[PDB]
Amino acid sequence: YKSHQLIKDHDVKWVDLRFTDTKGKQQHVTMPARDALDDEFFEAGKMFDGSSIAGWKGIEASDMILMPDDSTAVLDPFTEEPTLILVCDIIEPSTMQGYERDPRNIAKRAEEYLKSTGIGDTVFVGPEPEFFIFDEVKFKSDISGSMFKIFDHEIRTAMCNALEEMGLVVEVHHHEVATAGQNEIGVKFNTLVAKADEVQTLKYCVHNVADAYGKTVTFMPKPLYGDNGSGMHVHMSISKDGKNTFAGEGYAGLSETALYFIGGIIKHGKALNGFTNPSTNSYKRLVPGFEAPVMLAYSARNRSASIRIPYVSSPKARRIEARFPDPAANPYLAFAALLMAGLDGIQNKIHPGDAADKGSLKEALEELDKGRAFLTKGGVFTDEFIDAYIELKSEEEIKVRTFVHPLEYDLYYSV
Amino acid sequence: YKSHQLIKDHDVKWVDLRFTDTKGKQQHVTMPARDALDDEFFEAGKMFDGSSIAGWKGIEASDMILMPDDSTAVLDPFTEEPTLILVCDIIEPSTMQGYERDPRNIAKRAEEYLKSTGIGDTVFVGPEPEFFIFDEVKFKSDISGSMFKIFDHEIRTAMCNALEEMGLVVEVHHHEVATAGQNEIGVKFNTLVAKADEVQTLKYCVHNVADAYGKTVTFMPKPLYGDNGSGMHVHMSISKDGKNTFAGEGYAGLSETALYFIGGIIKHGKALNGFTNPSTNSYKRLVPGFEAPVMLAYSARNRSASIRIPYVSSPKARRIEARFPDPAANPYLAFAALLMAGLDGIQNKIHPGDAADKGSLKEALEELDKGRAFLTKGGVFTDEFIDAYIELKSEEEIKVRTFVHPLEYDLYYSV
Amino acid sequence: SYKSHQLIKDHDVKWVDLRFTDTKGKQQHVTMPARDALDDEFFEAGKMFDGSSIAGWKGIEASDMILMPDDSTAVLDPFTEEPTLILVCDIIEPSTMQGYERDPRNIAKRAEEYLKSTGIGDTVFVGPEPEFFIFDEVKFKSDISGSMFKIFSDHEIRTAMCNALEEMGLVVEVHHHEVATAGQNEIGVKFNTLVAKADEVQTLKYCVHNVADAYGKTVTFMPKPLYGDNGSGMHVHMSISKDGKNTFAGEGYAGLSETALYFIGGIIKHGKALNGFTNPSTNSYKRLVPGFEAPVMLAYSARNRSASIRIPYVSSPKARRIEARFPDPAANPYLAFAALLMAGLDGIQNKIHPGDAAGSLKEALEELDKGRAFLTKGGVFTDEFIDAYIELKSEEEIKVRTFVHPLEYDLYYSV
Amino acid sequence: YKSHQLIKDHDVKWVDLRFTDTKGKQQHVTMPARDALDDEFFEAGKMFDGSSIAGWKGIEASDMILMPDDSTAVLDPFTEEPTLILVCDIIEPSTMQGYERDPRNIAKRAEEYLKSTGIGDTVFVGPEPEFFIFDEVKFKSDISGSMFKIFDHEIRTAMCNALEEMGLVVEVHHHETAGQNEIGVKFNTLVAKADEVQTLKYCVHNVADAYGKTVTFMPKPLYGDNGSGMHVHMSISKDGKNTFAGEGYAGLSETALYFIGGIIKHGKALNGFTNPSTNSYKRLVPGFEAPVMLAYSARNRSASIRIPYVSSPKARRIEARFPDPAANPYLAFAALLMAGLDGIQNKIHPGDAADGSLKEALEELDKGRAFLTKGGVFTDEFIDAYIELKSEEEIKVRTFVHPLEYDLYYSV
């Protein structure tokens with residue numbers, strides 16, 4: 001176990017276990033390093049009580065065990081004392097299986113289902129998140145009124161260095177390509193679960209580094225009204241014994257398997273928004289007059305299409321690019337939903353039609369409720385989890401819809 | 001490759017790839033030094049998306065590749081960490097040729113056309129840009145009103161030192177020769193593309209040094225109403241197997257080839273203003289009662305002519321000096337347009353006439369739209385690029401023409 | 001998923017060092033630059049190697065062999081000036097990608113696999129106790145003119161040795177000092193499995209030699225360096241475990257089970273042949289003489305000191321084991337342990353009853369030659385290797401037997 | 001140019017031009033850095049007089065120009081002051097052509113001839129030269145008598161570090177018997193590999209001298225121990241395809257078989273260039289690793305040509321065992337390549353896989369010079385000069401009086 005060598009080498013004091021909740025926040029706990037020296041630590045885990053977390057309120061969450069994943073052990077750069085960072089999963093003590101409401105468990109089950117189906121062996125995915133940097137931000141809401149107000153190589157190199165030390169392979173750093181204050185950091189693709197963990201670590205590192213310089217950084221889909229929005233493209237492909245199953249001959253060198261994948265994604269697009277755009281702010285984006293994709297179609301050149309086929313000289317690098325997702329989406333759930341939607345299309349050989357050439361959160365939730373059929377396919381998802389998620393998001397939707405806004409005062413106060 | 005040697009020597013951390021857009025501004029991206037070691041970098045390039053840039057709104061622009069030019073690799077003096085600067089071109093991955101709307105590609109095509117025509121083997125060009133230095137400057141525009149307001153060996157030595165480290169060859173450094181706050185720095189002439197790149201680097205270095213010393217510097221053609229303007233004289237000549245093809249006998253020892261060159265430039269002068277004077281501010285300079293030229297004529301003594309023949313010790317150094325251009329002009333496009341006009345003059349053997357002895361942006365664009373014929377010879381320019389440029393420059397003219405001005409309030413508010 | 005990757009990354013190791021043991025029992029080593037080890041294919045393909053010059057491997061095969069590193073053994077060298085990574089290696093025939101016919105480590109691994117297949121048990125636990133001598137200086141010489149050997153004869157050095165072993169990664173338990181005679185020493189180390197313990201013995205020898213040389217003294221492991229003093233030995237404690245249960249533990253003489261009794265009976269029956277592997281030196285039989293601590297009679301006892309097999313008293317059944325007394329440090333660890341294990345397994349399988357509780361190298365080799373039957377059983381040993389080994393030892397046997405010794409000058413010079 | 005950049009960065013003071021003579025020793029000349037900055041330097045070279053060198057004793061050698069090769073510029077680690085090192089070719093002022101007696105020119109012409117022939121596109125060569133390390137050595141010879149007498153990780157790491165600073169890609173360091181060492185270096189093309197061999201020898205000598213020991217590459221320094229050879233792995237590539245790879249004995253193609261057959265047929269003559277020393281024939285005797293039989297096999301040790309096992313078809317190569325470290329690298333590699341090409345062109349069948357003296361070698365080379373002059377890379381003038389040069393050493397060794405004869409015949 002890599003943790004033993006790391007601890008022995010760098011006399012670590014504290015161990016930081018981390019796990020993501022339903023909403024997509026990394027909860028963490030800390031322990032002294034003494035316990036980790038026992039293999040029984042990795043064979044049994046540690047008692048935990050997650051009943052207080054938003055998505056897990058219930059009888060089951062009152063008793064759970066955390067199982068560390070030694071594959072992810074690293075050292076923390078920021079702490080003033082040697083600290084060992086680990087990711088963990090949640091296991092039910094009664095049955096020793098992964099908890100039903102764990103996004104990481106859901107993603108692993110999705111990978112297992114893909115492996116069992118025999119369509120392919122592995123899946124490679126690369127996201128392209130994006131964020132904004134500001135000097136200061138203020139906001140407030142109260143019965144009496146509301147406010148929100150907003151107010152180079154140094155920090156860019158600092159972020160790149162921090163990511164490198166944390167163990168990610170940077171590739172490019174786009175700066176203010178579209179509008180002021182917008183940045184993007186590319187990272188090499190990887191497998192599903194590993195890539196999700198990498199996204200979590202990237203967000204954490206960016207937040208800390210930006211804070212250290214007195215700035216602020218945000219991943220909101222659209223923080224400014226009359227400016228460009230922030231998206232997260234997703235490049236994806238499937239591999240079978242070293243063969244790019246998507247690579248082939250046809251439109252843009254795609255195979256019928258890839259075409260069926262696209263057709264399935266197109267068919268289930270409406271349901272996917274419940275996971276790839278789980279925010280009211282998200283739908284401020286996806287509006288005509290900006291870079292956002294407005295038309296649900298696939299094309300190789302048209303910019304308005306929601307699915308694109310980037311040019312790759314080598315057939316080994318054929319991939320599908322989905323444009324609609326947003327940073328607010330939970331990585332595990334979004335990737336699993338996309339994979340399931342594609343596999344559904346493949347299983348029925350749904351022809352996607354001609355390549356294109358020349359909404360709201362409430363509606364998305366309603367669509368998902370009816371379209372839940374394919375997600376439960378193979379037992380990866382469960383209706384219990386789906387219902388809990390739907391209720392959890394509906395609460396926020398209602399909260400937003402029932403409030404009053406200063407624009408209303410401007411428009412109607414005098415009348 | 002020189003880049004490999006430099007990286008190995010100085011353990012460079014970051015690579016800065018730079019290019020220019022249609023407006024003449026330098027955009028750049030950064031990468032970790034790792035990926036540049038393998039020759040595959042120089043054999044394939046890196047993916048890029050230029051759709052956001054002003055003049056590259058075409059759909060095909062969504063997926064461009066950047067091809068570095070190893071001949072220009074240098075080390076950055078300013079950056080704290082070792083950084084390797086390179087210039088790049090834009091290639092279309094579908095075809096594997098330079099993108100149509102790339103000014104550097106246009107300049108290279110112009111050089112190739114000259115070589116193929118065989119009138120000469122190479123062309124040497126030297127520009128003479130000026131600039132102004134101020135302590136502070138403020139400006140603002142809004143529906144409620146508009147505003148603009150203005151407010152030594154050390155800095156000159158610093159600028160010269162920075163240029164030398166960056167790799168240029170300074171020759172002379174003037175200082176307040178005609179008006180307060182004006183300066184110019186001579187630099188050794190060179191070939192077309194190399195000289196354009198040198199001009200870009202010169203602008204960058206001057207800006208950085210002036211900022212570092214707490215001043216401000218501007219290349220605006222005429223920032224002050226009552227004072228002189230900033231011109232950019234251009235000296236040029238053509239060489240064929242070591243022979244100064246312009247060197248000859250007759251008026252000022254000039255050959256008939258050079259005389260036809262002058263005649264062609266005179267004939268197409270009105271069209272060239274669309275490139276040599278691409279800003280409305282440019283035509284504030286071109287007015288009587290000042291250093292600026294007035295008449296479209298050539299003379300070795302008359303300082304009011306727009307073309308001149310400097311005295312030279314030997315025929316080897318015979319060259320033609322054009323006065324009307326301004327610093328705002330894009331180097332690549334201006335040089336290419338001048339070269340093509342001269343070549344057309346030579347081809348048609350247009351007699352320039354007698355040596356002289358004793359407008360507006362809208363008009364220039366209109367004239368260019370009809371005079372486009374010669375620019376398209378040999379496929380150096382394309383009508384789509386010309387039309388896009390014309391529209392892009394026309395938008396600014398419309399914006400400036402429609403807006404109100406404080407002088408109007410001064411003149412007419414009481415009437 | 002490799003210790004070596006992390007070690008190299010975290011300690012900027014410059015050099016890698018591959019080690020392997022030959023037939024005689026001496027560790028050969030070869031060095032590499034570190035950069036090559038970072039590729040995963042390194043552990044998949046090994047490195048080409050030519051061992052045809054080694055003593056026991058003289059043959060046609062030995063010209064094309066690959067060293068296959070074992071990542072489990074990676075460590076850092078304490079003694080070297082520059083950071084160096086030590087690895088152990090197996091030998092593979094490129095023809096079949098299988099273990100080499102004559103590799104002691106391969107033989108040991110095959111013996112473990114055969115035990116596992118037999119179904120008698122699951123793992124073997126082995127603990128050796130090699131003694132050794134420390135001296136101030138030693139000289140020796142032999143030539144046609146005569147022969148000579150001469151011997152010239154503390155917390156600090158013992159502490160240094162223990163520290164070095166701890167750094168190299170062993171688990172020390174006790175340090176006996178001059179219990180029986182002046183100059184003799186012993187370091188106890190925790191038991192382990194067969195192959196790992198065999199590797200640990202080699203590391204112990206290396207560390208002891210290096211520390212003794214560093215402090216300016218000399219050290220030896222030979223069975224009997226002095227005529228009047230005691231010899232040195234390797235008591236071997238052995239046990240077999242199945243599903244976490246000590247199979248030897250039971251009700252019987254000294255709390256032994258029928259399995260243990262059959263094991264002992266087999267060892268008793270085959271003891272004559274085992275001497276070929278456990279006592280491979282002529283000097284070994286100088287130790288095995290009456291009147292000292294060495295065993296004489298081939299029997300098993302719980303109290304008698306003359307028996308060659310003992311049943312030490314232990315606190316719990318978990319620790320029940322068998323102690324064999326005759327082996328000596330000159331033996332090759334892999335071959336010795338494998339031979340003992342196979343003899344015991346033959347005893348168990350044939351249900352040989354040991355009875356009731358209480359030579360020369362030439363004869364031992366003859367006995368092994370005629371009794372090889374029980375070693376080839378299961379394919380762990382092969383007649384080709386056995387013949388090669390016998391031929392290798394017979395040369396030394398003859399060379400010692402046919403020489404002229406100084407004592408003969410005392411006895412017969414004047415006769 | 002690489003040299004301009006290097007000088008500008010490291011404010012170099014001195015340039016050092018190096019070349020090799022017929023016997024293989026490397027001559028050098030120093031120069032102030034001022035003149036290297038001019039571009040006319042690399043276009044005109046420097047005037048030189050080589051008439052005093054062993055193999056070039058002719059009227060022609062009065063006026064020669066050294067043409068530096070920019071591709072080889074490096075920095076010296078051993079010098080106190082920053083020094084640049086460049087390799088040079090020799091050009092006749094009369095015709096601006098390479099000098100006939102320049103081994104580097106011969107090697108380059110051999111490469112060009114291969115390219116013209118159309119059989120392939122490039123050659124890959126890897127040598128494996130061994131050497132010996134000793135503590136002290138003495139030797140003397142005069143009318144009154146003759147005599148000679150002979151008397152770790154740190155040093156090996158030092159040599160590897162020095163080679164890395166030079167820019168060689170080290171791969172492995174074999175150690176042992178009783179003082180024998182080998183350092184593996186990644187293969188390369190012909191001329192570059194020859195230059196790398198020269199630099200390896202130079203660095204090893206300097207590093208050993210620094211620690212105070214001594215190092216020798218002579219093929220057999222001791223009577224009772226092993227010798228030192230230079231196994232040579234060779235391959236030919238065409239359009240990125242290993243032409244040797246194919247179906248057949250040990251996975252060899254007909255081209256490889258013809259190559260082997262040609263080498264076998266012309267092996268007797270090759271000894272002139274591959275073993276150009278009397279001492280080198282003390283090694284070629286039965287009872288040691290040295291091969292005696294002139295045949296090819298994949299298993300037998302005594303065969304002179306071997307087909308090593310390899311993982312992929314790309315790495316298929318031919319190994320020649322007989323060559324010797326005393327050989328001049330350029331001449332040796334060129335001779336091997338020409339023998340192989342003659343074999344391929346004439347389609348000589350090697351046969352079936354198995355399962356002298358310098359005087360004789362020189363006579364055989366003189367007799368069979370034909371295959372070397374084909375294509376015009378070697379010239380009868382150079383071959384005659386080389387034979388003439390080696391015959392003096394042969395005679396001088398043959399006609400001397402040796403101490404062993406005193407033991408055998410003094411009392412007879």
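Just so it is clear: chains get the letters A, B, ... in the order the sequence lines come, proteins before strands, and each one is counted from 1. Scope of the values below: all heavy atoms of this structure, side chains included, with no hydrogens, waters or symmetry mates.
- Salt-bridge formation is detected for the pair A:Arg401/A:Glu397: a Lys NZ or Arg NE/NH1/NH2 atom is positioned less than 4.0 Å from an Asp or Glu carboxylate oxygen.
- Under 4.0 Å is where a charged nitrogen must lie from a carboxylate oxygen, and between A:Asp197 and A:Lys195 no such pair does.
- The stretch residues 331-386 of chain A participates, sequence neighbours left out, in these ring-ring contact (aromatic ring centres under 6.0 Å, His included) pairs: A:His268-A:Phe374.
- Other residues, nucleotides and ligands contribute at most 12 non-hydrogen atoms within 6.0 Å of the CD atom of A:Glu384.
- In this structure the side chain of A:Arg318 never reaches within 4.5 angstrom of the side chain of A:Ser237, judged on heavy atoms.
- Using modelled atom types, one finds a donor on one side chain and an acceptor on the other under 3.5 Å when comparing B:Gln97 with B:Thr95.
- Residue pairs meeting the ring-ring contact (aromatic ring centres under 6.0 Å, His included) criterion with at least one member in residues 184-203 of chain A, sequence neighbours excluded: A:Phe124-A:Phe189.
- Salt bridge status for A:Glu291 with A:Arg285: present, with a side-chain N to carboxylate O gap under 4.0 Å.
- Looking at A:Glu198 and A:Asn190, their side chains do bring a donor and an acceptor atom within 3.5 Å of each other.
- Side-chain atoms of A:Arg101 and A:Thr22 form no donor-acceptor pair, as typed in the model, at a separation below 3.5 Å.
- For A:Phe131, the ring-ring contact (aromatic ring centres under 6.0 Å, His included) test picks out A:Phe219, with sequence neighbours left out.
- Residue pairs meeting the side chain to side chain donor-acceptor pair (under 3.5 Å) criterion with at least one partner in residues 111-131 of chain A, sequence neighbours excluded, are A:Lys115-A:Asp121, A:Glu130-A:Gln182.
- Judged as a side chain to side chain contact (heavy atoms under 4.5 Å, CB included), and not counting sequence neighbours, the contacts of A:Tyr1 are A:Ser3, A:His4, A:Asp39, A:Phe42, A:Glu43, A:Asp70.
- Shown here are the ring-ring contact (aromatic ring centres under 6.0 Å, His included) partners of A:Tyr389, two or more places apart in sequence or in another chain: A:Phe275.
- For A:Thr382, the side chain to side chain donor-acceptor pair (under 3.5 Å) criterion is met by A:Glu100, not counting sequence neighbours.
- Shown here are the side chain to side chain contact (heavy atoms under 4.5 Å, CB included) partners of A:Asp354, two or more places apart in sequence or in another chain: there are none.
- Applying the side chain to side chain contact (heavy atoms under 4.5 Å, CB included) rule to A:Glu164 yields the partners A:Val170; only residues at least two apart in sequence or on another chain are considered.
- With 3.5 Å as the limit, one finds no donor-acceptor pair spanning the side chains of A:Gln347 and A:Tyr260.
- Residues satisfying the side chain to side chain contact (heavy atoms under 4.5 Å, CB included) test with A:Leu114, not counting sequence neighbours, are A:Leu339, A:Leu343.
- The salt bridge (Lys or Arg N to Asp or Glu O under 4.0 Å) search around A:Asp344 returns A:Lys267, A:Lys377, not counting sequence neighbours.
- Under the ring-ring contact (aromatic ring centres under 6.0 Å, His included) criterion, A:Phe324 pairs with no residue, sequence neighbours left out.
- Under the 4.0 Å criterion applied to side-chain N and carboxylate O atoms, A:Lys108 and A:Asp102 are not assigned as salt-bridge partners.
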